[PDB]
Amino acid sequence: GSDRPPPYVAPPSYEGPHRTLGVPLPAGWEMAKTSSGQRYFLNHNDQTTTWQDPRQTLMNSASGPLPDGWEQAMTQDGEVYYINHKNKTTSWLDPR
């Protein structure tokens, strides 16, 4: 299949189980792991990293929610994706 580019690697299909985050991470944030598997967070908005769950950035207050009908979830490998229940789709792109 070298004549075609590598296939798109999609998020988990809409139908099936999802490890949803009850409260989504704020837009522009990412979760990662250290080499020993310690969880930490990246704020791409102000280009910082921190141990503290956003749910040097001051995060007192509630952040922008997903639009109605959407949820944030995480793959087994820790990759965040977005579930749109309105049209039964999933996407790597944050709709906020």
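The first residue of the shown sequence is 1; numbering continues from there.
The gap between residue 55 and residue 56 holds 10 or more unmodelled residues of the deposited sequence. Stretches 8 to 16 and 21 to 29 differ in mean CA B factor, with 21 to 29 having the higher one. Mean C-alpha B-factor is higher over 56 to 64 than over the other stretch, the pair under comparison being 39 to 47 and 56 to 64.
When the modelled residues of the chain are ordered by C-alpha B-factor, residue 88 sits in the lowest third.
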